[PDB]
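Heads up: the structure comes next, in structure tokens.
Please note: Cβ atoms are built from the backbone with ideal geometry, for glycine as well, and neighbour counts cover all protein chains shown. What is reported rests on the model, the rules as stated and the sources as named; these are not laboratory values.
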There are 2 protein chains.
Amino acid sequence: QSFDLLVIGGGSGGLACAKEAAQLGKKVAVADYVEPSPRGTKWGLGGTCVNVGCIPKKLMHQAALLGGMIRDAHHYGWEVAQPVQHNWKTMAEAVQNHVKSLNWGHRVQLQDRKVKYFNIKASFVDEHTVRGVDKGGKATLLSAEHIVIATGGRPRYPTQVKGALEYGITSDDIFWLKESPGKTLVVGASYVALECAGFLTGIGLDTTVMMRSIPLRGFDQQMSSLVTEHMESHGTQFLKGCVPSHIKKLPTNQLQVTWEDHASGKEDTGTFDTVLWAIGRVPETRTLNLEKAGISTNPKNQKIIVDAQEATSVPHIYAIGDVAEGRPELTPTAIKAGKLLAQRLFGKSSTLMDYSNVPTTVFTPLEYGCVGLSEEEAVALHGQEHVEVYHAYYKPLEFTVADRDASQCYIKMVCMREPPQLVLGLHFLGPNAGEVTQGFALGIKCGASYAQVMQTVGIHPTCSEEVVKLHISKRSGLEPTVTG
Amino acid sequence: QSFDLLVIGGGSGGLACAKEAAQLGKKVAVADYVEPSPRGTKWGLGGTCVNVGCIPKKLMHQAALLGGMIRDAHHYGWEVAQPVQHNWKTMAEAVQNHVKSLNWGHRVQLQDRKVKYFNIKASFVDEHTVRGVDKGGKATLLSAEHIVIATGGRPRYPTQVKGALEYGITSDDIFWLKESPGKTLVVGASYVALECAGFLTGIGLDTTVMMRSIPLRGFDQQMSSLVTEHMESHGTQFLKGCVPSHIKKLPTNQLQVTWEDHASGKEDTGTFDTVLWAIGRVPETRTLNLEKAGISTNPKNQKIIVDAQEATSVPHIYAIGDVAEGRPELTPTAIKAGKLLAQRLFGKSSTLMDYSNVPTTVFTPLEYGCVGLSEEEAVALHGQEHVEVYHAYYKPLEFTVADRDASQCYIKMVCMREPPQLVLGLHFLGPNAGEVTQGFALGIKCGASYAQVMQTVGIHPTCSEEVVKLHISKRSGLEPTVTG
Ligand SMILES: Cc1cc2nc3c(=O)[nH]c(=O)nc-3n(C[C@H](O)[C@H](O)[C@H](O)COP(=O)(O)OP(=O)(O)OC[C@H]3O[C@@H](n4cnc5c(N)ncnc54)[C@H](O)[C@@H]3O)c2cc1C
Ligand SMILES: Cc1cc2nc3c(=O)[nH]c(=O)nc-3n(C[C@H](O)[C@H](O)[C@H](O)COP(=O)(O)OP(=O)(O)OC[C@H]3O[C@@H](n4cnc5c(N)ncnc54)[C@H](O)[C@@H]3O)c2cc1C
Ligand SMILES: NC(=O)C1=CN([C@@H]2O[C@H](COP(=O)(O)OP(=O)(O)OC[C@H]3O[C@@H](n4cnc5c(N)ncnc54)[C@H](OP(=O)(O)O)[C@@H]3O)[C@@H](O)[C@H]2O)C=CC1
Ligand SMILES: NC(=O)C1=CN([C@@H]2O[C@H](COP(=O)(O)OP(=O)(O)OC[C@H]3O[C@@H](n4cnc5c(N)ncnc54)[C@H](OP(=O)(O)O)[C@@H]3O)[C@@H](O)[C@H]2O)C=CC1
């Protein structure tokens, strides 16, 4: 029937807007539909975050870490008997049983909040209504004065790469597999690829990443590079500069993937058990008949063109998350953007969503955290003549007793050359990056100066303290590695 | 012979001033003497920090943590065979071999820096000179135009408690023991006590803490309490409200410690293998003949009375660290205070040492981090009518798959009730507190407002992000535990 607020996408962003909009006392209702993955994989309410990303990854990334924890453990006097095995079955179960705890968890929060849920592959019929396909097939007359679109996106697939859909697997699958990936190839060079490639290796699987160009394109290339080098230096096979052209399933069912070594040879063939495409995601806008509702869109990325109020072309219709063009594809921003929107509508709020200096963390074997600008983006904006950079190479105290190599533990603080020297970008690469970066992202929102950093005392002995020690400049070109 | 800068105490603070003062091109020289512990324990150059504290603790605290890492490990699919043992011998060696790496490490940095080292139990003879006892006995004529005193302190002992010096042990020993503490009693209720009590328990030792009054007196009592409760809830035997009166070594050499249960009974006796006095430290000023040099002092705490330039009564003589009265007994402050001092003297610097809002972290089983004010200190200064407090109870994503209880994971952000609402105290109690707190201590130096926190986006999924989510006020008295 009719509601004064319809939300499309029971996701991290959508749900936020939904629950917060209901808490404002409004008749909220959301429709979410988990259209299966090409390999036939489905999950519960809670968008990408809960089910195929944020939560599972971290959790598997965790299990990987634990592995090194055991190795290290021996040095600290723990007579653990090695080499300790690890089965994909036990882990996956554990993880999944938790995803579900957030499945039948959002569902609970939606009931106690005067909000109705309609599991239906929504689609636009006009200005204020949507049609609802079903696992069965009964459509449903749904209308609301305000419609928020939070449909996120889905794992993009290769084009001419024959043998793709056929045998490829996506981030949407790796998490719910019933049986170990065994051997695997990760065709990607950024966030997903690397992170997945990471724990896979951490588990003990013969993992191999296939970068066509540069790593984490966009990020502070220095840090980006330091990241991969850590992986390669720690068990992750790397095929720098190669692209897929054909995958052929053979008798034993193993995959015979053939590529091109643009770096050296001109074609090479290897075979692996699984193949993971980490080549970006794509908005699920097509499947909405947006055009037949009045919602203008974007050409390149099919995202929903947007306002600054998260509004679209239809002032009573909005978009949030991976869906809205121009916005950072994260979860916090998805969520926050939801609350605020739901408050500006029925809360008398005017504060908009601030998308600047949002921090982030690449949960790779060695976590890479950052906020603000990267050295490049920095000269790009103020010029190399007006930028100062302080960096350091530290050694976690914990990395010492355990003979864990730390030549990858780097830190880079980009700020302006002219006093007080407003810091405008921090880069941390070591253990628990997010845990460290978070605090500092506050210094940015505040415009903390390099002074206030030399004025900030340290919490010894920690890894984050290294940030607040930074003094060696690149101008000075002094040796970065830290003494004392 | 003569030098233009003499430093007393080859410690975290002293050495800093020393090396930095030499880097300014001055003829620096330092004299450090590790007068053994009552139980005959000695170590190398590097003050308390390196040898009996900062570094070792953390390292042993680490080994403890690793233990829970293995337990947890099982849930993430790591078929580790339990229960895994752990021997005090292997750990201690490892740790110590590292302490030494910082022993013959500062020593190296002192050579390459044009600085002479004179291992001599220094003592004041007058204005510009000191005498130097030796492991042998040859005094040494040492003079300098500027003398920095960084003698730190030493573990205080009980008074009338007979059987103390006799069998007691201090933080200075627990680290260098050759054989496992076995069973142990920790007479203390703050930093040292709890931290030591912590890993001891984490190792598997039958550890027991004996608090005479309240925990971490000074700290935000709420947090302080939450801390102990975690310990007690996780293996640490606790004797709330008891005091030592007699320890009697018996045949098997076990210690028969008799106390008084001021909470209930009026005397009780138990026996343990080791007894650790964590009842504060004391300045080693006495042994300097300070008075016979012109350095006025303090009555209660025998610390060296000080300036704001770290200067004493003798304008060419200064004091730093655990030695100088009024200053926070940490290491970073010790170190920073050293550099600055050495720059104001021979660097043309005027910036003084800022001792406000120095962050800190109690490395207990559950790390308690904080900066700024504690709720109490806060009402105390602005009044309960002008203070706002936001708190939360979170659950580390990592604590979920592993069935690790998190009813102790709390967070408290104290700021003013009136917008923008300058945050003036943060409290984090969970994993890697320092790693999390550090960043935020920058927000304080900057005066970040509760707004800039609601404006700061989060790094999901992390523990620190919870801070930047905080919204439930105590004014409102809403249920703290977090949903979604
Ligand atoms: C492997 C991986 C790891 C990640 N890790 C992190 C991390 O650590 N931190 C972080 O901040 N971000 C992370 N992200 C990204 C983050 O999860 C997304 O940015 C966020 O989920 C986007 O939120 P959303 O609400 O816009 O959409 P989504 O969460 O994608 O939800 C959209 C929902 O709507 C449904 N839907 C789509 N079309 C329709 C329709 N027509 N009718 C009905 N329902 C429909 C979908 O099936 C889905 O359930 C990760 C992503 C991946 C892939
Ligand atoms: C168990 C424990 C754990 C700790 N953990 C931390 C932590 O995690 N973080 C933190 O910030 N702080 C920590 N601290 C406190 C920190 O170590 C001290 O605040 C800091 O070491 C003080 O520095 P200092 O230079 O003043 O003196 P010290 O480091 O104590 O050095 C003084 C040196 O001078 C020598 N000396 C004394 N008198 C004479 C004399 N007359 N002649 C010659 N030499 C002399 C001493 O024997 C010693 O070597 C810890 C302390 C303990 C006990
Ligand atoms: N906060 C976090 O921790 C995480 C956030 N996310 C979010 O989800 C998004 C999706 O992740 P992801 O898909 O990995 O990254 P996008 O950043 O989505 O994808 C970029 C990667 O895909 C590669 N790629 C694109 N096309 C091809 C192709 N045809 N063959 C091979 N490689 C190709 C890129 O190469 P090139 O650069 O050479 O074009 C690059 O390595 C992220 O951008 C981020 O917004 C995901 C994981 C974690
Ligand atoms: N940054 C960090 O992580 C660390 C810093 N440190 C520093 O070193 C200092 C020394 O630590 P610590 O000695 O533990 O603490 P102080 O804070 O030095 O000592 C306070 C503790 O000793 C107890 N105590 C004092 N006298 C007695 C007695 N007669 N019987 C029983 N208990 C007694 C106190 O009880 P009550 O309060 O009831 O008087 C309290 O529990 C710290 O204060 C801190 O500056 C030490 C460890 C870690």
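Observations, loosely collected:
Residue by residue, here is whether (1) under 19 Å from the mean Cα position of the chain (by Cα); (2) closer than 24 Å to B:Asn97 by Cβ; (3) within 16 Å of ligand 2 (Cβ to nearest atom) holds:
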position: B:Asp172; (1), (2), (3): yes, yes, yes
position: B:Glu179; (1), (2), (3): no, yes, no
position: B:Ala193; (1), (2), (3): yes, no, yes
position: B:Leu200; (1), (2), (3): yes, yes, yes
position: B:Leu216; (1), (2), (3): yes, no, yes
position: B:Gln222; (1), (2), (3): no, no, no
position: B:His230; (1), (2), (3): no, no, no
position: B:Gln237; (1), (2), (3): no, no, no
position: B:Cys242; (1), (2), (3): no, no, no
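- Of the candidates A:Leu45, A:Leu66, A:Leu24, the single residue that is aliphatic (A, V, I, L, M) and surrounded by fewer than 20 Cβ atoms within 10 Å (Cβ to Cβ) is A:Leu24.
- Here A:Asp354 passes the criteria (1) of a type outside the set (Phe, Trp, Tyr); (2) away from ligand 3 (no atom under 16 Å from the Cβ); (3) closer than 21 Å to A:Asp126 by Cβ except the one numbered (3).
- Considering region A:307-351, the residues that are under 17 Å from the mean Cα position of the chain (by Cα), more than 9 Å from chain B (Cβ to nearest Cβ) and part of a loop (DSSP other than H, G, I, E, B) include one that is nearest to ligand 3 (Cβ to nearest atom), namely A:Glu329.
- Considering only residues in region A:1-20 that are crowded, with 24+ Cβ neighbours inside 10 Å and more than 14 Å from chain B (Cβ to nearest Cβ), the one that is farthest from ligand 3 (Cβ to nearest atom) turns out to be A:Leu6.
- Residue within region A:40-52 that is within 22 Å of A:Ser143 (Cα to Cα) and of a type outside the set (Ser, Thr, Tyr) present: yes
- Scan of region B:330-382 for residues that are surrounded by fewer than 22 Cβ atoms within 10 Å (Cβ to Cβ), of a type in the set (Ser, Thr, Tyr) and under 28 Å from A:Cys463 (Cβ atoms), ordered by number: B:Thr351, B:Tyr355, B:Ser356, B:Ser374
- All conditions but one from (1) surrounded by fewer than 20 Cβ atoms within 10 Å (Cβ to Cβ); (2) over 26 Å from B:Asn97 (Cα atoms); (3) out of contact with any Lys or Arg (no Cβ under 9 Å at 6 or more places or on another chain); (4) touching a residue at least 12 places away in the same chain (Cβ under 8 Å) apply to A:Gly477; the one that does not is (4).
- Residue within region B:316-323 that is surrounded by fewer than 16 Cβ atoms within 10 Å (Cβ to Cβ), assigned by CATH to the domain that holds B:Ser37 and within 16 Å of ligand 4 (Cβ to nearest atom) present: no
- Positions within region A:161-190 being within 10 Å of ligand 3 (Cβ to nearest atom), part of a loop (DSSP other than H, G, I, E, B) and either free of Cβ contacts under 8 Å to residues at least 12 places away in the same chain or not polar (S, T, N, Q) (or both), in sequence order: A:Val161, A:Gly188, A:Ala189
- Near pairs, Cβ below 6 angstrom, 6+ apart or cross-chain, from region B:191-214 (touching a residue at least 24 places away in the same chain (Cβ under 8 Å) and outside any helix (DSSP H, G or I)) to any residue that is among the aliphatic types (A, V, I, L, M) and away from ligand 4 (no atom under 14 Å from the Cβ): B:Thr207/B:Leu200
- Taken over region B:357-390, residues that are among the charged types (D, E, K, R) and in contact with a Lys or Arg (Cβ under 8 Å, 6 or more places away or on another chain) amount to 3.
- Sole residue being buried (at least 20 other Cβ atoms within 10 Å of the Cβ) and not hydrophobic (A, V, I, L, M, F, W, C), chosen from A:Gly77, A:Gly105: A:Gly77
- Residue match in region B:51-71 (condition: away from every other protein chain (no Cβ under 12 Å), within 22 Å of B:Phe363 (Cβ to Cβ) and touching a helix residue (DSSP H, G or I) at 6+ places or on another chain (Cβ under 8 Å)): yes
- Selection status of B:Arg113, within 11 Å of chain A (Cβ to nearest Cβ), surrounded by fewer than 18 Cβ atoms within 10 Å (Cβ to Cβ) and not in a loop (DSSP other than H, G, I, E, B): no
- Qualifying residue in region A:125-136 (condition: within 14 Å of chain B (Cβ to nearest Cβ), crowded, with 17+ Cβ neighbours inside 10 Å, away from ligand 4 (no atom under 16 Å from the Cβ) and of a type in the set (A, V, I, L, M)): no
- Extreme residue, nearest to A:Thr456 (Cα to Cα), among residues of region B:448-465 that are at the interface with another protein chain (Cβ under 7 Å from one of its Cβ atoms) and in contact with a strand residue (DSSP E or B) (Cβ under 6 Å, 6 or more places away or on another chain): B:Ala448
- Residue match in region B:271-283 (condition: crowded, with 16+ Cβ neighbours inside 10 Å, part of a helix (DSSP H, G or I) and not basic (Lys, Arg)): no
- Residue match in region A:417-424 (condition: touching a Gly at 6+ places or on another chain (Cβ under 8 Å), more than 30 Å from B:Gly53 (Cα to Cα) and either polar (S, T, N, Q) or surrounded by fewer than 22 Cβ atoms within 10 Å (Cβ to Cβ) (or both)): yes
- The residues listed here are A:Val161, A:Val192, A:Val187; of these, the one that is assigned by CATH to the domain that holds A:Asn253 and in contact with a helix residue (DSSP H, G or I) (Cβ under 7 Å, 6 or more places away or on another chain) is A:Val192.
- Answer residue from region A:448-484, given it is of a type in the set (A, V, I, L, M, F, W, C) and in a loop (DSSP other than H, G, I, E, B) and is farthest from B:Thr361 (Cα to Cα) among those: A:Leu478
- Take the conditions (1) more than 14 Å from chain B (Cβ to nearest Cβ); (2) assigned to a helix (DSSP H, G or I); (3) away from ligand 3 (no atom under 11 Å from the Cβ); A:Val148 misses just one of them, which is (2).
- Residue match in region A:227-247 (condition: outside the structural domain of A:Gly132 (by CATH), assigned to a helix (DSSP H, G or I) and of a type in the set (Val, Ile, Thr)): yes
- The lone exception for A:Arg107 - which of (1) of a type in the set (D, E, K, R); (2) within 14 Å of chain B (Cβ to nearest Cβ); (3) touching a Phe, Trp or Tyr at 6+ places or on another chain (Cβ under 8 Å); (4) more than 21 Å from B:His460 (Cβ to Cβ) it fails: (4)
- Any chance A:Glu195 is within 30 Å of A:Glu376 (Cβ to Cβ) and within 14 Å of another protein chain (Cβ to nearest Cβ): yes
- Residue within region A:150-158 that is aliphatic (A, V, I, L, M), more than 16 Å from ligand 4 (Cβ to nearest atom) and closer than 28 Å to A:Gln302 by Cβ present: yes
- Among the residues listed as B:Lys412, B:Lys445, the single one being basic (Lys, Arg), farther than 30 Å from A:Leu66 by Cα and either within 13 Å of chain A (Cβ to nearest Cβ) or assigned to a strand (DSSP E or B) (or both): B:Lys445
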